[PDB]
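Heads up, the chain below is alone and in the form deposited in one PDB entry; it's given as structure tokens.
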């Protein structure tokens, strides 16, 4: 051996076929999309010399670099790009191509993309869908023996065991200091055990584990979009959805409750106690992103402010020391998913933090199936996070209300809907950004704390790794909520010795 062994996620089952989407994170190892995001969130082109949307944002012009090749040496041209997009759309998978219509090849280095309607977020598709070879693609065969333009290529794959890959010599981006990589697939505990023993060069660890010194290893803290928040029902009770699930909560429908909970919680204390300080306070679902409203942050852990907000809206302390309004006491149930000690620790901590302002929080846990039934009538603990601004839409659009796990509190604000649609219809993502910011607050209304306060956002989680002292994991964009997020920086990895 003498090569780098890594433990950063679990088995890449199902396979490595870009036609099945970017839902998994391992694909970034063997494949490369047309675009690669920068740390300043602009876009670099690995395979493109030129890419330009039209004034209406309905068409894209793509120009390839001339001598590109696949991992097997076969040439990468317009034919393969157009094939990739047309067939990814034309199958499932059900890759969400959005408003994508079709891809036309102009010449071997040029491709024209056609859309149904303006989509400012389509760039996120360009930096996501991996390129596939038109000549050599077979649906069943490709998952097991894939051909890609990624930084590495498959050498061997041992199920439930390990994966061996080597550097792709035809890679169009930067080569790193590591010629060969072996990825080990282990449960967290055995992984940590192998890490201390110095068998591994890089290992992902949970931010919640009071990590002590590890022999001949160093701790890396990488930024992430992964977050934690509480979603409130915004409507009164009494109605039910298509599944017969109850909709609404007579307590959390009052905006004063949601604002008060937003101010009472001390997020820094959450980060330090539960996440061992490896988290950042989050006041929005898009904290740390360009499309976050710059005026969205608040000074929290203010019991007095919370009590003021509650008093001004008619929520008064009863004899039991619990808030009450028009004969209705503030007693609410917080739901969360079982199977995680940390989620529960977070929940109980929240109950304890809401006790001083007179809100009595009962806690219930269950399987996703169980949570689903109660998810619309009670406050609920969720984890999300995405590098696509589209998530704002999924959270706050009236059209997304009750759609799967999105917008379960049935939040509807027509002005917010307008800002959202304006944002989607913008010809470029840059022009879209100011409208995305208007969602929190436009000066009059919004979905944020200054406005309707649909959420109580708690934290943005950061990912933590142990790495051999001679290993430099470099730098990159915030890591996704998923496995193999570290791979987003893989090209900048260096060897310090």
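Residue numbers count along the first chain shown, from 1. Definition used throughout: the rigid core is the maximal C-alpha set that superposes within 1.5 Å between two forms.
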**OP:** Using the B-factors recorded in the PDB entry, average over the C-alpha atoms of 253-261 and of 339-347, then report which stretch comes out higher.
**Re:** 339-347
**OP:** Averaging only over Cα atoms, indicate whether 350-358 or 101-109 has the higher B-factor in the PDB entry.
**Re:** 350-358
Original post:
Per the coordinate record, which of the options 127, 277, 409, 285 holds the highest CA temperature factor?
Top reply: 277
Original post:
Of the options 131, 237, 172, 210, which has the highest CA B factor as deposited?
Top reply: 210
Original post:
Which third, lowest, middle or highest, does the CA B-factor of residue 196 fall in along this chain?
Top reply: highest
Original post:
Within this chain, which third does the Cα B-factor at residue 146 fall in: lowest, middle or highest?
Top reply: middle
**OP:** Using the B-factors in the PDB entry, rank residue 375's C-alpha atom against the chain and give the third, lowest, middle or highest.
**Re:** middle
Original post:
Which third of the chain does residue 383 land in by C-alpha B-factor: lowest, middle or highest?
Top reply: middle
Subject >> residue 312 - which third its CA temperature factor falls in, relative to the rest of the chain >> reply: middle
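Here the subject shifts to the form deposited in another entry, a form of this protein not shown in this document.
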Original post:
Superposing on the rigid core, which residue among 75, 301, 206, 290 shifts its Cα by at least 2 Å between this form and the one not shown?
Top reply: 75
**OP:** With both forms fitted on the core, give yes or no for whether the Cα of residue 356 moves by 2 angstroms or more between this form and the one not shown.
**Re:** no
Original post:
If we fit on the core, is the Cα of residue 48 displaced 2 Å or more between this form and the one not shown?
Top reply: yes
Original post:
Using the core for the fit, does the CA position of residue 266 change by 2 Å or more between this form and the one not shown?
Top reply: no
**OP:** Mind checking the CA-CA distance of residue 485 and residue 94 in that other deposited form? It differs by 3 Å or more from this form, so is it closer or farther?
**Re:** closer
Original post:
Given that the distance between the C-alpha atoms of residue 227 and residue 94 changes by 3 Å or more in that other deposited form, do they end up closer or farther than here?
Top reply: closer
